[PDB]
Every structure is written in C-alpha cells, then in structure tokens.
C-alpha cells in the first residue's frame, strides 16, 4: 500500500529527501487580495473573496489548506463549507485513503472529516510508486496516484502507462496543477478536459452541462471559477510544444558531493538555479532572460488590470440594473456575457506562471475576455436606460482589500477570529489523533 510517511524514505534516498524537504525555505505567503482588491468583487459570494494567497513551497500545502479562510472553522466532522475534495492536491495521505476506502469513499463528506487523516506533507507517494522494489534501487517509477488524473489524461488521448518517460514527467505535475471542478453530489475532482484543454473547449464544455461554480452576489451571474491551469497552458506554449517538461525547468538533474547525478526535489523558481535550468539549452545571460520574462509579466499584468476594471464595472452595473427592477429574462444575455468574459479572464491569469509558460495565450485569452465584457457593459447601459437611468454607475471605494471586503458585506473581523480559534485548538487535536493512529510520526 502507499507509504504517506515521507520520512520513511530519508535513509534510502538522502539527496531527493533533503532537497524535497527544502521547499520549506520557500515560506513567504503573499496576500493576492491585498495586492489586487478587484479580485474581491469579481469573486463576491465565493470563498476566494475572503482569502487568496500566492502559492509557496510544497512543504506548506497541508498547513495552507488548514489555515486559509476558504475552509472556515468547522466545529465537527460534518461542518464547514467545503468537502473532502479540498485535501486532494495537498497530501499523499489522499493516495492512502483513496487506496484504503476507494475513491468514492474518499470524496464523501466534508473537508473537516479528513482533518485527522490527511496529515503528511505533499510527498513521495504522490508522484512515485514507492511500493515497487525498483524504487528502493533508485528508479523513479513515476505514477499517477490520482485516478481522476489518470482519467483526464486518457481523455486527452495521452494515457499515462502508454506515454514516454518525458511526457509522464509533466503528467505527474498535471495531477494537481490544472483547472478542475467538483463533479456530482459527492464533489469528486474532475478536469474539464473532455473536449480539449483550450479556454473555448472548456467554456463550451461547462455550458453544455450548464455547470456553474457559484452565483456572483452582485450581478447574480452564474459564474465559472478557474484555477491554476499550468498543464493546459504549458501545453499551448512554445516550451510545451517542444516537449520541454515541467521537470527540465523546475526539477533539474544536479550533482551530490560525490558527483552522483540526482533530480533536484526543491521545486521552486527555476531562475534560482539558472545554470542548471535555462542555461542548459539557452546561451543568454541570466539577466537577459529574467528581463524578457519580467516584461511579459508586466504586459499581462497591465492588460489583466484593464479587463478586471471592466468586469468590476459590469458586476456593479448589473447590481444597479437588478435594483432598478430588471427581470431574469432581461438579465440573462448580460449574465451570459459576464460569465463568459470572466471565465476567459480567470483562466488567463489563474496560473501565476502564465507569462512564462505561454505568454501569448495568456494575452490572447484576455483579449477575448475584453470582447465579452464590452458586450456586457454595452447591453447594460441600454438596459439601465430602459429603466430611466442614463448616468454612469458609481462604484464604492475598493482601493483596499479591507474596503472591498466590507463593500460586499463580509464580516472579516468575525470570519478571522473564528478561524484563529480553529487553528489554535482544532489542529493539534487532529495531529494528536493522527499520531495515535500511526498516521503521523
């Protein structure tokens, strides 16, 4: 069965083990709502409007899902707003339970449930078939420990077991680094890849099944949320197209002291080891590549803010149209535009690596998002007119996260206090039960 206790592997594999543990150095947790308060409006009614940080080291996955406001402060195993599926991409204990109880049995019930079962840091069994006798010998034996990922990979015509070593490499990361949704009453993780991985494929896919992630509480639009589409966007970009794998840049072959070759498990910023990553294929100075990348980053940033500003006006303008007496049939075509505009925006920048992995596709999707936002705001102006409104809709102060959160009716003081008490008192009980059950060293 799966060995979720990572430290079990330290003596046999010092080089991988030590460099894997070192992601605990990537510890800064940057508040992205604070940096961009518009996110709060666009995600109004959804948990991302309460708390959304930039990623950090794999070592912090378990603690971050515990600590994010998104998972709240459940007082028992059937409480809290979120289901078991929130653990899915955070811990090899997921592979353990999936193997122990079956996939269906793993996904059943609330996040709170897994509290005392999912306790080991994202680790060896997530990516490796550790039970294989070859793993002991120092062979990677890569595997997809997540059945939902195995299925998604077949669905794009790339079954894992039939793929070469190098395709498999990126697929391992594509177990988590993807856009997904919770399918069914049991909220199983599903990748919406049935029709392809492009924004248009997914848009039409989500529309066919009339899926919606939540209802924007300002405009009452049935929204889609995107998440960190690295696999999909990497596939579209020029590096992907040339089979430069996630590993080529994020997990370089390096030497130990006795000169032995090993894969660097300290997954982080490839530029921190330029000599072993880009320099491997590129003759350019580090500073020159960093500057090209910084420039795409700013290009996308500037454009992304313009689309967001439009979407902010659209949400508040739809709120106005609702208050002035707009009926459901009158809102519908506006709401379709907003749903679409925002999906395209969200998928365009939900991956923080887009300006590197596929800057041109990032840019393209934003442009198509603007086209729909224009359609939404044009329709809205005409709808407001029919209700006797011909002036610009005024927008409350959203210059800080705090003001944006207050403006959509969040009681943060209370939301935060309830989470702090959950963190202090519940987490140690969970860890104490896990140790008792032999789950946690």
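Positions refer to the first chain, counted from 1.
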Between 103 to 111 and 121 to 129 (mean CA B-factor, as deposited), the higher
103 to 111
Where do the C-alpha atoms have the higher mean temperature factor in this entry, in 274 to 282 or in 85 to 93?
274 to 282
In terms of CA temperature factor as recorded, identify the highest of 41, 59, 383, 65.
383
Taking the Cα B-factors listed in the entry, which of 148, 206, 180, 234 comes out highest?
206
Within this chain's modelled residues, let me know which third the CA B factor of residue 343 belongs to: lowest, middle or highest.
lowest
Position of residue 215 among the chain's modelled residues by C-alpha B-factor, lowest, middle or highest third
middle
Splitting the chain's C-alpha B-factors into thirds, which one does residue 13 fall into?
middle
Quick tally, chain-level thirds of C-alpha B-factors: residue 409 sits in the highest
Split the chain's modelled residues into thirds by Cα B-factor; is residue 54 in the lowest, middle or highest one?
lowest
